[PDB]
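Number of protein chains: 2
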Amino acid sequence: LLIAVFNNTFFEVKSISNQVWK
Amino acid sequence: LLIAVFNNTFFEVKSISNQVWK
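Residue numbers (the deposited numbering), protein chains in the order written: chain B, 1109 to 1130; chain C, 1109 to 1130.
Structure representation (structure tokens):
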């Protein structure tokens, strides 16, 4: 069930991580 | 298959849970 939480919470975290790395 | 069942009905469940808890 926690897989569902990980799925819906990837796009925004990915964008934020990209910005932080940049 | 059952992963997608929880996956397709997640965001509304989370919002309703937040409303009910508050």
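Idealized CB from N, CA, C, for every residue including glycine.
*Between C:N1115 and B:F1119, what straight-line distance do the alpha-carbon atoms span, to the nearest angstrom?*
Locating residue 1115 of chain C in the second sequence gives position 7, where the first residue counts as 1. Locating residue 1119 of chain B in the first sequence gives position 11, where the first residue counts as 1. Going by the C-alpha atoms only, they are around 15 Å apart.
*asked:* Taking only three categories from DSSP, how would you classify B:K1122?
replied: On the first sequence, residue 1122 of chain B is found 14 positions in, with the first residue counted as 1. B:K1122: helix per DSSP, three-state reduction.
_Spatial distance of C:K1122 from B:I1111 (CA atoms)_ = To locate residue 1122 of chain C, count along the second sequence from 1; it is residue 14. To locate residue 1111 of chain B, count along the first sequence from 1; it is residue 3. Approximately 14 Å between the Cα atoms of the pair.
*If you draw a straight line from the C-alpha of B:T1117 to the C-alpha of C:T1117, how long is it?*
Residue 1117 of chain B sits at position 9 when you count from the first residue of the first sequence. Residue 1117 of chain C sits at position 9 when you count from the first residue of the second sequence. Roughly 14 Å separates the two Cα atoms.
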